[PDB]
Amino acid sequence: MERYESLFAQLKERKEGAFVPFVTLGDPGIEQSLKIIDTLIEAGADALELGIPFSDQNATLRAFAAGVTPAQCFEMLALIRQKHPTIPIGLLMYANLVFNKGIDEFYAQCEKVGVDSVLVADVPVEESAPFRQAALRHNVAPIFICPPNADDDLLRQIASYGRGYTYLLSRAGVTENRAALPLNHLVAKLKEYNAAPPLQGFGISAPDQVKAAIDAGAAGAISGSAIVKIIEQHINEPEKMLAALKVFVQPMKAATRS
């Protein structure tokens, strides 16, 4: 019962970084989204970063209310867990949905469907207590974003608070008084303070970029835009969309090996 931990030990032993693709659950549809995720895994994904969309009695237009509901998202999440029992599953989201459902209740449902971690992107690390507590109470790993221009205090806070993995923001992600430092420095400090293994994210869409992150010491990499662009390119060709996704994922994953 430590999916990230188990995963990172297996990867390290094999001298490999982790490739973590990101997709928004339900895009472009529920059935196709599940197939997209299976193809990602079959192609070499070590863990998943899944976005959970949110936007809210009396209807108006089908296009207004349009969207996959949060209940449908957890349902999906449970099927994914059922088909792939050991793959680390992490959610990426904003707080409103968490606030909507209720803090404790939201993490309680993450634990029921087998979600391993949660990154509420818009929550400052200083105002994270209610989220951390809910996370640990339901055996979910609370995730924090480490900015590349973080001072030593923030690095320490993130190191003692995070579990599972630390989300390391690339230099391209910033923007502004303290300069954005090189990945190598941050990786070294995080290790120094015993932070959870770092996964780098933002702007990483090519094999050479993934290789550079792992050579700099990152435990892995995350990528989203390239997958979004592939979906849109074959939005009308579902099967062709899958083949094209497998073609993108293999080189990215290969680049994590040495």
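Sequential numbering from 1, following the sequence displayed.
Count of coordinate-less deposited residues separating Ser160 and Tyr161, as none, 1 to 3, 4 to 9, or 10 or more?
Going from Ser160 to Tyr161, the model skips no residues of the deposited sequence.
Which class describes the count of deposited residues lacking coordinates between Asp208 and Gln209: none, 1 to 3, 4 to 9, or 10 or more?
Unmodelled stretch: none, continuous chain.
Comparing 149-157 with 164-172, which has the greater mean CA B-factor as deposited?
According to the PDB entry, the answer is 149-157.
Would you tell me which stretch averages the higher CA B-factor in the PDB entry, 135-143 or 121-129?
Averaged over C-alpha atoms, the B-factors run higher in 121-129.
Name the one of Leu40, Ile214, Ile204, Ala65 with the greatest CA B-factor according to the PDB entry.
By C-alpha B-factor in the record, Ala65 ranks first.
In terms of recorded Cα temperature factor, pick the maximum from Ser55, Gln200, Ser33, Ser225.
Among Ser55, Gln200, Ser33, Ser225, the PDB entry lists the largest C-alpha B-factor for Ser55.
For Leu245, return the chain-relative third of its C-alpha B-factor as stated in the PDB record: lowest, middle or highest.
Middle third, going by the recorded CA B-factors of the chain.
Hey, what third does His84 fall into on Cα B-factor, ranked over its chain?
Its C-alpha B-factor, which the entry lists for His84, ranks in the lowest third among residues of this chain.
Taking the entry's C-alpha B-factors for this chain, is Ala59 in the lowest, middle or highest third?
Answer is highest: the recorded C-alpha B-factor places it there.
When the deposited Cα B-factors of this chain's modelled residues are ordered and cut into thirds, is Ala45 in the lowest, the middle or the highest one?
CA B-factor rank for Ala45: middle third.
Splitting the chain's C-alpha B-factors into thirds, which one does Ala219 fall into?
Within its chain, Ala219 is a lowest-third residue by C-alpha B-factor, going by the deposited values.
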